[PDB]
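In: sequence unavailable; structure follows:
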Ligand SMILES: NC(=O)c1ccc[n+]([C@@H]2O[C@H](COP(=O)([O-])OP(=O)(O)OC[C@H]3O[C@@H](n4cnc5c(N)ncnc54)[C@H](OP(=O)(O)O)[C@@H]3O)[C@@H](O)[C@H]2O)c1
Ligand SMILES: NC(=O)c1ccc[n+]([C@@H]2O[C@H](COP(=O)([O-])OP(=O)(O)OC[C@H]3O[C@@H](n4cnc5c(N)ncnc54)[C@H](OP(=O)(O)O)[C@@H]3O)[C@@H](O)[C@H]2O)c1
Ligand SMILES: NC(=O)c1ccc[n+]([C@@H]2O[C@H](COP(=O)([O-])OP(=O)(O)OC[C@H]3O[C@@H](n4cnc5c(N)ncnc54)[C@H](OP(=O)(O)O)[C@@H]3O)[C@@H](O)[C@H]2O)c1
Ligand SMILES: NC(=O)c1ccc[n+]([C@@H]2O[C@H](COP(=O)([O-])OP(=O)(O)OC[C@H]3O[C@@H](n4cnc5c(N)ncnc54)[C@H](OP(=O)(O)O)[C@@H]3O)[C@@H](O)[C@H]2O)c1
Ligand SMILES: COC(=O)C1CCN(C(=O)c2ccc(N(C)Cc3cnc4nc(N)nc(N)c4n3)cc2)CC1
Ligand SMILES: COC(=O)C1CCN(C(=O)c2ccc(N(C)Cc3cnc4nc(N)nc(N)c4n3)cc2)CC1
Ligand SMILES: COC(=O)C1CCN(C(=O)c2ccc(N(C)Cc3cnc4nc(N)nc(N)c4n3)cc2)CC1
Ligand SMILES: COC(=O)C1CCN(C(=O)c2ccc(N(C)Cc3cnc4nc(N)nc(N)c4n3)cc2)CC1
């Protein structure tokens, strides 16, 4: 039988590239989305056309809030994402924690608050609950029926040790996700679940600024003097999920073109 | 003329030693507590006896939850009022030590878990963020000519979290976040000359609620002295980092672990 | 056909790296110091699979002068890179794998130990990288390869130092520095410089059981496959980074 | 009883500040120098004037080369530095590995040049510290327990910025990486003898406007005292639970990005 990957925030950009990369290796893919229903469903369509019954889409707000049905908690919503894989395909072999909100939370001058739950939920708390659910399902599976290549990838940030000015909550949340990578790798090793991180520097940079400014930022990357393509990140995620990487756990791989080696 | 330090979770153990260490250097100290009212008030008494009007106590749950007042009171508001208490009482707040911290297992493998999330993440990460925000807002709001000359924020982190304690995921995640806060705040608050640094104990003031051989077993693994640290062995470092001699240090984490993080299984 | 230079290629991890690269279509220059038999045997196997796809070169990578004026380590390193160019006209990949490893205790010979441990693990890699880079720079842009990659074999565990191994540990620390410095300086020439750090691999029960994942040391392939990936064009945005291949061993504490 | 500190490259700048800081705490200080005899001797004079017999000077090339007397090896020269403390004062409590050469060794465009460069940069920054630590430890081990000092401390002067390497400075950067490894390895091995081994890493200090303005805190390089005071604290008994750690003294400079 065919292995299953759950990719959060899979609709576009890096998540899509990760979903596509995994699909190209033969994985059936559960495509999580929050607001990008159209893009997610379009991606599912493409993948199901190449290979029937190889893609589904699930909607979830991964912010640390209760939602409307008692109210539904984030944990419950995370458990149902993993469950959707089991209900549809009877398994979940790979989890990619990719979904992530990203915007300023300045230290210096119902916003703020919202911001805390959105940024911490998507980047840190939801990944925790998702890993918990993922692990619970593997533990609950009889050893003889388990998959042979369980892999969890956390999308971190190569640059957060050189924090982006005004992005504290985001930076804090990636710090937490790094901790989750290490703690989960240790605790889930007995179940042969590998937990690793991939950290982009600058990838698929949006040109929503003066062209010369866009160019200024990307030119700072020592290698190629440009931001990465989506595939340049996703191919690494795909390798780490492959059985050739089966001795790697608890580690974060920078995919940053040497950007973290720079100084002001 | 007397500088003011806010120390969270100041009632006992490391927080108390930090409060005492800062007080010994001339600081007036605002002693935060959650459940340890007796201990906090006793400590305040001792310090006020040595030096009148050099200690106060404030109560606050630093968990990421709304509390009862009218509208519910958010964590952010509660954090702001901690900083405000220093300004109301002494007209200043020069040092913040994010020490308060909950610490217990949140296993990945087999109502509870949810209060756990808000308690562990609130105390270790979210409250420090809001506390730093409030601290910084008050400095920015103070006219340059009236500002203190040695602003210092110390976050109590963990020297061992890169070698995670089995079953302590949320706690470990939260310290990870606090490390991020240290670095991000240091960069952003540098223009205001607010230094933000971390102190990371390994094993300190270990309590023996286990067979003696097991207790001795844990402490013997520390390469230096084969023992856990005293409270002062940690707090003295916090105090140095707050001193003006350490005024070029910001955004860094100092391990106080007797070489424990150098070990392997 | 692209060319890889693998130092200490005769056995264990170096052999697995040489084999892994060869399986991807690389011609491979197999460096050895004392293991002539093993190196030549490996060359034979590879040349049998694919004619003219393997050669062997001998060099002491210790920081000493050797007999011919005496020959310096730098010269010896330059000749290793040169051997690739003389034979195949190119050198696309360099894997700094050769490494001596033994106690240099601080608490109760020592001088050859310093030159051996520091030379193989740090100084020779530096000279090798220098020579490698010089040859790429000297090649006209239109004739250059499209996937230049240098991999340094580091150690996942050296931040948790092995008791009594100071010089070795120092040397890996230097090799890590080399990885970062070289990655930055050679970026304009599109030469990627990265590190792979094993924890416990191909151990010659108590020790291996401490590895959280699988409770065993790794196989050679479990390390070499990662080296091979980093050399592939799919990894072309990775430079200046070290990848631990340690089954979570560096996450442990006493 | 008067404790003794050996400070390498003690003649000027940070080393001098470290020597002065330690002396101000009551230490007798052995001032190592290579080429700066005048400055070293002038510093010794000042310190001996404040407190008779509290300073001496010793000359040594800490480069990884043999010198003229059989030729004298670096190891021997390092052992004699530690020995000089014992001969003069009967003890050596603190070692500060401060001496360091620092200049470009470019990977991209004189063969003898590059070779003395290797031995000079690696010797001073890494190999000599190793031998110095070895000698230092040997002397403590050889001292009967009842006669040992109570606050043994070795400080290695590292670099806060080497993870963001200075372009063209490979050998130097490699050597600091080695010194970091030495700090960690020595801390572990020498823990049983209660010898603490730590690192201090400046970012930009006592620079000889564009460069200094990049430091987030104060937008300037540090003073010598802003670094040396930290070295002094780490050697104090209040820091006696700190070992195997590197303290950045960089005004947040390592937090920056291009
Ligand atoms: N791009 C870079 O240069 C860069 C650099 C460093 C690290 N990274 C990391 O790499 C990963 C992917 O990068 P990216 O640029 O592709 O990310 P992105 O486009 O900014 O976000 C990816 C997806 O996350 C989902 N998301 C955001 N908030 C959510 C929430 N509260 N609940 C549920 N889903 C939410 C969104 O889904 P919907 O659209 O469906 O709403 C979005 O499509 C992220 O984890 C990021 O932190 C990226
Ligand atoms: N001790 C060690 O071996 C060790 C090791 C590594 C790191 N650390 C770090 O060093 C710091 C102090 O260590 P410690 O052992 O002295 O800590 P601790 O005794 O376990 O906790 C300190 C105080 O934190 C307060 N606290 C806990 N949860 C709170 C909440 N939800 N809201 C408000 N206050 C809360 C408690 O105050 P009340 O008693 O008033 O309720 C407690 O007295 C901590 O940040 C810890 O993470 C310690
Ligand atoms: N094995 C592990 O558990 C482990 C763990 C961490 C890191 N590593 C790293 O991974 C790499 C390979 O590991 P390994 O176990 O395969 O290494 P290894 O067997 O101990 O050594 C590999 C080769 O290095 C060569 N070599 C040693 N000293 C030399 C010198 N002075 N001049 C020239 N060549 C010299 C030897 O070549 P000859 O036989 O021809 O003389 C030897 O075959 C090393 O860099 C090591 O540091 C390995
Ligand atoms: N200054 C900074 O911005 C900065 C930044 C990062 C790290 N650091 C570190 O902090 C330490 C001190 O900094 P600094 O700027 O004061 O250093 P420095 O002035 O450049 O050098 C200090 C001393 O090292 C000695 N020295 C150099 N090569 C030697 C050799 N081959 N043998 C014996 N002695 C040798 C010299 O002694 P003589 O004059 O007697 O010949 C020199 O006075 C160094 O370890 C450095 O790496 C400094
Ligand atoms: C108002 O709009 C603008 O013009 C601003 C865009 C943000 N700005 C940047 O400099 C900036 C810094 C880092 C960036 N990245 C690292 C790219 C990027 C893009 N999307 C992301 N998404 C997530 N979730 N996480 C990331 N780290 C992430 N990162 C992008 C822009 C300032 C200008
Ligand atoms: C029942 O079996 C279990 O599940 C194990 C969990 C950990 N156990 C400990 O005894 C224990 C006690 C103290 C420890 N420390 C690291 C000391 C300590 C004590 N209080 C603290 N408080 C806070 N806030 N943060 C800390 N890092 C902290 N650390 C570690 C393990 C019991 C064994
Ligand atoms: C000739 O050497 C000797 O005198 C022996 C002394 C006792 N040894 C070990 O117990 C020991 C400890 C750790 C080991 N490993 C972590 C495996 C290993 C085996 N070979 C290696 N070779 C190199 N070059 N580098 C390594 N890190 C390396 N690592 C292996 C043996 C080392 C071998
Ligand atoms: C012979 O030397 C030369 O060729 C010059 C070339 C131009 N230089 C600089 O721009 C430069 C770059 C960085 C600097 N610093 C980070 C300050 C500094 C000054 N002296 C030092 N000395 C040592 N030993 N180590 C250091 N890290 C060190 N650092 C100083 C000057 C260095 C001096």
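Out: Sure thing, it's come through. Numbering: from 1, shown residues only, chains lettered A, B, ... in the order given. Ligands and ions are numbered 1, 2, ... in the order given.

In: from residue D:205, how far off is the residue positioned nearest the centre of chain A?
Out: Here the mean C-alpha position of chain A is nearest to the C-alpha of residue A:98 (C-alpha atoms, centre = their mean), at a distance of 1.6 Å. Using C-beta to C-beta, to the nearest Å, we find residue A:98 at a distance of 42 Å from residue D:205. Placement of C-beta: from N, CA and C, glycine included.

In: how about residue A:139?
Out: Going from residue A:139 to residue D:205 by C-beta to C-beta gives 54 Å.

In: and the helices in chain A?
Out: Counting by DSSP state H, one finds helices in chain A at the ranges A:13-24, A:37-50, A:74-89, A:111-120, A:126-140, A:168-188, A:211-218, A:230-241.

In: on that earlier part again, what sits against the residue nearest to the centre of chain A?
Out: Contacts for residue A:98 (C-beta atoms under 8 Å, 6 or more residues apart in numbering or on different chains) come out as A:7-10, A:14-15, A:18, A:155.

In: ok, the residues you listed vs chain D, which is closest?
Out: Looking at the contacts of residue A:98 and their distance to chain D, the nearest is residue A:155, at 19.5 Å (C-beta to the nearest C-beta).

In: now for the closest one: which residues touch it?
Out: Residue A:155 sits in contact with A:14, A:96-98, A:100, A:197-200, A:237, where contact means C-beta under 8 Å, 6+ apart.

In: next: residue A:75.
Out: Contacts of residue A:75 by C-beta under 8 Å, 6+ apart are A:129, A:132, B:113-114.

In: repeat that for 10 Å
Out: With contacts defined as C-beta atoms under 10 Å, 6 or more residues apart in numbering or on different chains, the neighbours of residue A:75 are A:64, A:125-126, A:128-130, A:132-133, B:113-114, B:117.

In: wait, doesn't residue A:194 sit right on residue A:150?
Out: Yes: if you go by C-beta atoms under 10 Å, residue A:194 and residue A:150 touch, sitting 6.7 Å apart.

In: what do those two both touch?
Out: By C-beta under 10 Å, 6+ apart, the residues touching both residue A:194 and residue A:150 are A:94, A:188, A:241, A:246.

In: widest-spaced pair of those?
Out: A:188 and A:241 (14.9 Å; C-beta to C-beta).

In: any idea how far apart the tips of stretch A:103-119 sit?
Out: 8 Å (C-alpha to C-alpha, to the nearest Å).

In: for ligand 6, what's the nearest residue on the stretch 101-250 of chain A?
Out: When scored by C-beta to the nearest ligand atom, the stretch 101-250 of chain A has residue A:187 as its residue closest to ligand 6, at 11.9 Å.

In: burial check on that residue, number of neighbours?
Out: Residue A:187 has 23 neighbours, counted by other C-beta atoms under 10 Å in any protein chain shown.

In: which residues touch the residue in the stretch 101-250 of chain A that ligand 7 sits nearest to?
Out: At 14.5 Å from ligand 7, residue A:247 is the closest residue in the stretch 101-250 of chain A, using C-beta to the nearest ligand atom. By C-beta under 10 Å, 6+ apart, residue A:247 lies in contact with A:194, C:198-201, C:211, C:213-214, C:216-219, C:221-223, C:225-226, C:244-248.

In: residues of the stretch 101-250 of chain A that sit close to ligand 5?
Out: Residues of the stretch 101-250 of chain A lying close to ligand 5 (C-beta under 6 Å from any ligand atom) are A:102, A:157, A:164, A:202, A:205, A:208-209, A:217.
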